[PDB]
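Residue numbers (the authors' numbering), protein chains in the order written: chain C, 2 to 81; chain B, 2 to 733; chain A, 109 to 189, 192 to 217; chain F, 28 to 188; chain J, 1 to 42; chain R, 41 to 112, 114, 116 to 132; chain D, 3 to 141; chain M, 1 to 30.
All C-beta atoms in this analysis are idealised placements derived from N, C-alpha and C, irrespective of residue type, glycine included.
The structure appears right after this line, and notes come after that.
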Amino acid sequence: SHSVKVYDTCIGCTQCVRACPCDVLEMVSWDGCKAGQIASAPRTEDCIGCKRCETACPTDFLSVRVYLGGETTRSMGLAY
Amino acid sequence: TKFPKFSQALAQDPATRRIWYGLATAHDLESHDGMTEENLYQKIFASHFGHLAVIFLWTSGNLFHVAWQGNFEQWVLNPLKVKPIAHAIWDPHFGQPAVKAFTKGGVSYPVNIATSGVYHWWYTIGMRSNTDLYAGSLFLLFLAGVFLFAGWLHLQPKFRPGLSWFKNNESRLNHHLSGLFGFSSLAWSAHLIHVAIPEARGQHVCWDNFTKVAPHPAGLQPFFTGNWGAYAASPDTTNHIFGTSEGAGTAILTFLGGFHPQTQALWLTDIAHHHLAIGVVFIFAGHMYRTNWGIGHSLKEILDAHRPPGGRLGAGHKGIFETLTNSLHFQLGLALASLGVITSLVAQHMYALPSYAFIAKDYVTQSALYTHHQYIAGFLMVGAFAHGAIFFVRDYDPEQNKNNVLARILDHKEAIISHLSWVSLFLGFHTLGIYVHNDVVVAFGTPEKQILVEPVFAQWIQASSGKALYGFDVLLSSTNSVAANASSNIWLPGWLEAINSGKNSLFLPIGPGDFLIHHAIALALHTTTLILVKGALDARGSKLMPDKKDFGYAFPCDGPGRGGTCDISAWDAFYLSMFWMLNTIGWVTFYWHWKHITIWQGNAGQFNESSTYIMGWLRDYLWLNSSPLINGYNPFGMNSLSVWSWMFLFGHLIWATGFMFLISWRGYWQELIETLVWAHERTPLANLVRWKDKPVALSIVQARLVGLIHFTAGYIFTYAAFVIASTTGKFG
Amino acid sequence: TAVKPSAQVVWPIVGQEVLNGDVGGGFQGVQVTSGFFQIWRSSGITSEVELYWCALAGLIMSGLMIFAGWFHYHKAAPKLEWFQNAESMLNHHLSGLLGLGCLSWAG
Amino acid sequence: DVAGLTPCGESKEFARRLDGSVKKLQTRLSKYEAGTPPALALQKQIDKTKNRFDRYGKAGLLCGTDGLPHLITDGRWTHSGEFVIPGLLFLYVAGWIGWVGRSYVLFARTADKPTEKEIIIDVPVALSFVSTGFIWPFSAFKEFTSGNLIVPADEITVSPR
Amino acid sequence: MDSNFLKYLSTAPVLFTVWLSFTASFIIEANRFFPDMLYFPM
Amino acid sequence: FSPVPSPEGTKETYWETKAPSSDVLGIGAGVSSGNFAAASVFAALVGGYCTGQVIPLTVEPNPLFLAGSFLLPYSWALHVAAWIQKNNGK
Amino acid sequence: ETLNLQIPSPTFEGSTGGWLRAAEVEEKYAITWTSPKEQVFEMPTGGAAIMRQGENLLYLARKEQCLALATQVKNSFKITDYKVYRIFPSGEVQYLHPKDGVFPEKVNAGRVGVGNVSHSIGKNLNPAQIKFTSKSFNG
Amino acid sequence: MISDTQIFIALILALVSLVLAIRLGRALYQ
Ligand code: CLA
Ligand code: CLA
Ligand code: CLA
Ligand code: CLA
Ligand code: CLA
Ligand code: CLA
Ligand SMILES: CC1=CCCC(C)(C)[C@H]1/C=C/C(C)=C/C=C/C(C)=C/C=C/C=C(C)/C=C/C=C(C)/C=C/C1=C(C)CCCC1(C)C
Ligand SMILES: CC1=CCCC(C)(C)[C@H]1/C=C/C(C)=C/C=C/C(C)=C/C=C/C=C(C)/C=C/C=C(C)/C=C/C1=C(C)CCCC1(C)C
Ligand code: SF4
Ligand code: SF4
Ligand code: SF4
């Protein structure tokens, strides 16, 4: 699977989760940012590696970071 | 599900990508699962013994196929007229016209004519018969077996070297300088003095008589008295017929300089004295480092103490010792940069100063050897920068390298890269502009208007070495000079004869075309360096991707965000610079070959007038010399240049097929493949057969590599077919 | 059959006047391959004066089309229901444009 | 002479270049009548060819064995009109363009919207700047020394490495 | 003259094309009156 | 990544002072600066003499003048050592 | 909670873009939603289908195929009633989306953060530091 | 010229080299 990380520079804008086509990311409560929430990745096995979450990230360096790793049928986007 | 046993991430991939990536990552032992440093160095050691053996099997094969199928004994009788045979052809696809067309070489069977020069090398070093070529092939088969057993043996538990052994820098340097470089150069002098020198003079010396046949009539008594100049007395006469006793001297060590007048090669006594000198020098250099007896240098102490007190290099080389030793990629990069410069020296000094008898009249061999070693040079130099990029990504620790030369190179990475960008642009704009100026003015019927700039600096260098063509009267060219007087009693008479005579490639005449092409090569070397240096320096990060190090050396991209990140990896700057390497070695070998074929006709002025504009390069080199090559077969028959005629088209095909992988990218191909997966599953009588691995399109990095390999292979096969067939078909 | 068509002459500037080659008919110019000479002979022009009148007719049409584009965007722009008349447009482009085009050209 | 070259005025190969270049045009002129426009054009081309070769012969250029002028660019003052002096003219114009553009980008930074000044150029101000370039070596060296050309290394964005 | 038409003529492509046409035009005129200048004459 | 070995007796030679410590001279660490400066001038004169006397090289050069000609580059390292020893108070 | 296998499906005239043998041998995805109307939507795998008024059931080969229909149904027809399931060939039905009844874009209690790194991205360890040791590059 | 027996000696030594190559490749592969 791919490995998806969220760094503590996340402002909790929820945009990376909305971008996610594969329900990899979700919002959890976090007191670090003003929004009271940070992104989380409890479903990186469904991560295809599209990196749409990275594009939606408005932080200077993407708080969400996809690291392409081992490929599976799910992470390869194979309908066969 | 278990082929990449070194990679569980690939061994669980259900696609065809697993096979490709397991094949492509097989030799990257550092990335293998559960890899310790002990096991890494011990597998590299054993696989270095396997490379040693492959080289020896390759050389034994060349010797065996020439001993068996070649015409070596016919060639040594008459080396200027007989064409050397590489090996025979047994091809069941041949027609009888093809069988007849390849039956040259004075034999009764189809053959390939050797362009490798191994006949001239084996002739020069002593080999006379097929029995000793075969004996050499046998000895190399034994040595290949010895190094295969050594590779297996040093994988056994008691014979496994420790990491303390693998990083003993001082003992390895002492032994490689004094034993591997120096003593084997001294032993090579012994081979020349004991075998090659007597057999160049008609007297056979083999293992059967070499302890009862003295190389010198006096014989090891002048050496043990200090009367060393008695070994230079009575050199080979200018009437010497190589291989025979007539005109032969008794000297075994000389500094005559220039060339043997018949073979047009360097004197073998000069070569024997060269390896004796360079041997003693390297042996002395191999006593530099402290190993076990308290004399010598510690490499750590030398590197730590070389920080200039002005502070301009920062901490200097503090910590460079550890970085080099711990980083196999830093060592590979130093080794490959060093080796690439040498095989460029090999290419440049072997055409201008040939050592082998009757080569430099084998124009095909000279062209093939120069082209071969320059392409090897470009590959080694690009790989050196590649492994410097891999060093920065994988082995470079900034905390261990604080304010070093390495940190301070990264600190000004933008000054280095932007000034390489400037010099590349500078040279490119002007060199192309002068070339286009020349093309436009010649096209408009006004060749005089051409901007022709004489290569005065290089001509001054030629004159400084004794060329009298330009009338500089500098150093050796001036008869009454300190430099000229000093070498007059030793090497200058021969050198002046060699340099001034126009029958050799030593300091070939240079004019405006030479200037323009040298500037083109400067643009190419600077631009390949720009791409490679930009890749190495930005390997660990950039404004576009600050954490690039975390992704590795070879990754596809960071996605379409931040504007687009295609070809952002350091591997992708290797990939892009590989085209620039091919382009520069193209410019170098096109220049070398065109200048030499024009000189070899006796028509050097045709290069002098046509090389200053690009249509001269197109019509007078590529189009004019294509005609023997592309007529290797036609509707009127075929000749022995048909194979190069087929290879030339084969290179054009591979090269163009590479464009498919480089222009068309993955999403198109994955959508084709999904329709093929649908079609196979829906076709009756065919859906009984199922793939074990799901067919996927090639990866982004893999297709860049596949297109690069196809481009490169097409480049090599096209030019090899051209440089060999045009020179063979023309013979001049 | 002997003179080569040429309708482009270069200025002598940087030696480029070599491009005014000897195309024939006491003339130097760039040989043209667009087949206009054969079109004009097929039209029956047989005079350079009539080619000047055709150049003026093209110039007048060019002015009328650039005026019509300005007029039909800025002064009188048709509504969408005008453009969505495919039957009317096809009737006029078959009958009027192509049909009277062929009829007038045949005439 | 220099580098074994011959002055173009006494080299026979330059003279045969001129003679062949004039013969090519004279055989093109041999197919036209005297007053016709192609003949007049061809004769002016012959006159230009003769003027070019006549000027090059008396210029101190050095010809090769091929009869074409060669440029000596090692720095010698007897040949400074081929690279050193044209190069000084270039560097003056190039530094002019560079100083003028640099002055305009520094002006445009102090604008209400800096990026409109670079796609819609303030032409009176930019023409004031194009007039500034005639004394760029002094203007730029005083700019350099007064700490206004070079910004310090800690005011420049760099990659983490 | 209209200020918006002058602001249009101050746009980057118009000034670029006019300035490089003026530049090209005096290179052409200088090579017309004084052709074949391979060297600075001295 | 693993301990990198160095020969026994390897000591620290990184310096940021005016001169390196005399330990960078190895076996010449205890030699006085006057002794290096005099050895340096002596080596420069005898090396230059021995070099000069065999500049037209013959097939019979004097081996002592060849060996003595090696004192000229050796004199360079000697005066660098002289500078290091004077700036260490030796 | 569990997938009612009897839910009627949208009216699709079939397509070649649907699922292949890996759906019946590895995994299949299902998406259900309630529609207020008998309305035409676009299939992720091809042409157009008609979702029925009431509850609809779909069988797709990918979770992205399911979530693509989910976005089309939420942005054009305003259905927020979509549940995405992964059905194993064994017959096990795995509920996927939204995983805890609340959309991922909305915070929910009892969600534990996975993948969260306590420092910013420039404080990642260099690869040389993590070489020949199992220690992770995220500090 | 090379005898058939000489070629057979070369083939014997290359077979010994093949066996040692197999043994090294298996050892490197583990
Ligand atoms: C019989 C009438 C008629 C004619 C001749 C045309 C002709 C044309 N229409 Mg059409 N059009 C018509 C009716 C007509 N339209 C109607 C009724 C509608 C409404 C439904 C449209 C809607 C329409 C649209 C929406 C578009 C056109 C376009 C075009 C042009 C196509 C490009 C081309 O080949 O031009 C080259 C051929 C020529 C002959 C150029 C001549 C130009 C004039 C206008 C032709 C007629 C001149 C005059 C009638 C001749 C008098 C003869 C006299 C000397 C005796 C062409 C000028 C397209 C276009 O390019 O827009 C400009 C376009 O987008 N038309
Ligand atoms: C005298 C002692 C000695 C000698 C001879 C060698 C020899 C060798 N060692 Mg070394 N080694 C030694 C002691 C020694 N070792 C010690 C003491 C240690 C421990 C501290 C090591 C530790 C060590 C390691 C860790 C490794 C080696 C390796 C090697 C091999 C290098 C690969 C090769 O083919 O290069 C051959 C190089 C040359 C022949 C010289 C290069 C010539 C230059 C490049 C240009 C000259 C061009 C010239 C004209 C040639 C023309 C040829 C002709 C066609 C014209 C080589 C056989 C490596 C290897 O492959 O393992 C088997 C390796 O990994 N050694
Ligand atoms: C003929 C083929 C060709 C040419 C000319 C270039 C040219 C260049 N390459 Mg490219 N390249 C090519 C093929 C080519 N490449 C291929 C096949 C590859 C493999 C992918 C690469 C990969 C590559 C990389 C990876 C890099 C380059 C770089 C460079 C530059 C190196 C020379 C330089 O710095 O200044 C020479 C400049 C020129 C030759 C430009 C010509 C000047 C123009 C034509 C002026 C003309 C003006 C005219 C009026 C325009 C009319 C337009 C009209 C519409 C009005 C230059 C832009 C390097 C670079 O950018 O370094 C700074 C670099 O990093 N190239
Ligand atoms: C930075 C650009 C550059 C580069 C990489 C090279 C590279 C090379 N040159 Mg070229 N050369 C250059 C600029 C350059 N040259 C210029 C501007 C001139 C004057 C026209 C020459 C004239 C020249 C000759 C005559 C010869 C070479 C040769 C060579 C080769 C050997 C090394 C040498 O002589 O360097 C030459 C290095 C320099 C001249 C210094 C370059 C550094 C500066 C920055 C260049 C810019 C200077 C500036 C534009 C002019 C000064 C102003 C002046 C008008 C007052 C090598 C291919 C030789 C060769 O192999 O030809 C076969 C040779 O004989 N060069
Ligand atoms: C980039 C666009 C382009 C350009 C520059 C040219 C340039 C040229 N064309 Mg070509 N042409 C093009 C596109 C283009 N063509 C296309 C797309 C078509 C298909 C309709 C044609 C069909 C075509 C024909 C049939 C002829 C030319 C001719 C010519 C030459 C003379 C120009 C002229 O006055 O034509 C004048 C055209 C004529 C005198 C004959 C016109 C006959 C056609 C059938 C009229 C149809 C008009 C009608 C409005 C088309 C509607 C499209 C239809 C499908 C509804 C010149 C080389 C002529 C040539 O090569 O002579 C040497 C010629 O006979 N062109
Ligand atoms: C006049 C403005 C200007 C100035 C002062 C500079 C200054 C510089 N540039 Mg250049 N550059 C410019 C515009 C300018 N740039 C533009 C518009 C482009 C896009 C084509 C580039 C592209 C560029 C590259 C690709 C490189 C440089 C490099 C450099 C540096 C080396 C100097 C050099 O050789 O220039 C070289 C100049 C060029 C290659 C392009 C010249 C572009 C034209 C001629 C200038 C534009 C004129 C401008 C429109 C003036 C309008 C002002 C007016 C309204 C008053 C230096 C920092 C090099 C570097 O980093 O080395 C250290 C380098 O590699 N620049
Ligand atoms: C890339 C590669 C992979 C893995 C790593 C690696 C090991 C380091 C590397 C090395 C690869 C290497 C080094 C590969 C080496 C491959 C080699 C050396 C292959 C040699 C084959 C020789 C044969 C089959 C001859 C057989 C002769 C016969 C049967 C004659 C028999 C007989 C005749 C007639 C006469 C005598 C009697 C009999 C006995 C009857
Ligand atoms: C990218 C990268 C990242 C970090 C790690 C890394 C691998 C190290 C690195 C790679 C770096 C690489 C790939 C570096 C490549 C470096 C190279 C190719 C350096 C070439 C050096 C050649 C020199 C200094 C020639 C000197 C000749 C001289 C002095 C001749 C003198 C003369 C003599 C004697 C005779 C003639 C007269 C004259 C002219 C006087
Ligand atoms: S987008 Fe970047 S910032 Fe906005 S939530 Fe996802 S991670 Fe945090
Ligand atoms: S990569 Fe595509 S899938 Fe993986 S998390 Fe970012 S968005 Fe969701
Ligand atoms: S195009 Fe291919 S490479 Fe370029 S960004 Fe999108 S994916 Fe990465």
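For residue i, I'd like the list of residues in its chain whose CB is within less than 6 Å of its CB, leaving aside the five on either flank, ordered along the chain.
i: residue 258 of chain B; result: 492, 495, 496
i: residue 62 of chain D; result: 31, 68
At the level of alpha carbons, what is the spacing between residue i and residue j?
i: residue 127 of chain D; j: residue 140 of chain D; result: 6 Å
i: residue 89 of chain R; j: residue 304 of chain B; result: 34 Å
i: residue 39 of chain B; j: residue 138 of chain D; result: 21 Å
i: residue 636 of chain B; j: residue 360 of chain B; result: 35 Å
i: residue 38 of chain J; j: residue 440 of chain B; result: 15 Å
i: residue 39 of chain D; j: residue 698 of chain B; result: 41 Å
i: residue 71 of chain R; j: residue 132 of chain R; result: 8 Å
i: residue 122 of chain A; j: residue 36 of chain J; result: 8 Å
Within its chain, find whatever has a CB closer than 7 Å to the CB of residue i; leave out the 5 residues flanking it on each side and keep chain order.
i: residue 108 of chain R; result: 86, 87, 90
i: residue 589 of chain B; result: 375, 522
Sorted by chain position, which residues of the same chain lie with C-beta nearer than 8 Å to residue i's C-beta, five sequence neighbours on each side aside?
i: residue 566 of chain B; result: 545, 546, 558, 559, 560
i: residue 204 of chain B; result: 214, 246
i: residue 318 of chain B; result: 304, 305, 307, 308, 405, 406
i: residue 195 of chain B; result: 206, 211, 216
Inset, instruction - Check distances from the C-beta atoms of the region 73–93 of chain F to those of chain J and list, in chain order, the residues that come in under 9 Å. - result: 75, 78, 79, 82, 83, 86, 87, 88
Inset, instruction - Select from the region 85–112 of chain R all residues with a C-beta closer than 8 Å to any C-beta belonging to chain B, and list them in chain order. - result: 95, 96, 97, 98, 99, 100, 103
Inset, instruction - Tell me, please, whether the region 206–214 of chain A touches the region 29–46 of chain F by the rule of three or more beta-carbon pairs shorter than 8 Å. - result: no
Inset, instruction - Could you tell me which uninterrupted beta strand (DSSP E) segments, each at least 3 residues in length, are contained entirely in the region 102–136 of chain B, listed from first to last along the chain? - result: 112–114
Inset, instruction - Flag this pair as touching only if the region 387–397 of chain B and the region 529–543 of chain B have three or more C-beta atom pairs under 8 Å; answer yes or no. - result: yes
Legend entry - Ranges of the alpha helix (DSSP H) found wholly within the region 410–481 of chain B, counting only runs of at least 4: 414–444, 457–465
Inset, instruction - Please go through the region 294–378 of chain B and give each complete alpha helix (DSSP H) segment of 4 or more residues, from N-terminal end onward. - result: 300–306, 321–327, 329–353
Inset, instruction - Count the CB pairs spanning the region 55–73 of chain F and the region 114–125 of chain F that are closer than 8 Å, and state whether there are at least three. - result: no
Legend entry - Cβ contact (3+ pairs, closer than 8 Å) linking the region 5–24 of chain D and the region 119–131 of chain R: no
Inset, instruction - Just list the alpha helix (DSSP H) runs in the region 6–70 of chain C, keeping only unbroken ones of 4 residues or longer that don't cross its boundaries, in chain order. - result: 16–20, 53–57
Inset, instruction - Mind the definition here: the region 470–482 of chain B touches the region 450–462 of chain B only if three or more C-beta pairs lie below 8 Å; say whether that holds. - result: yes
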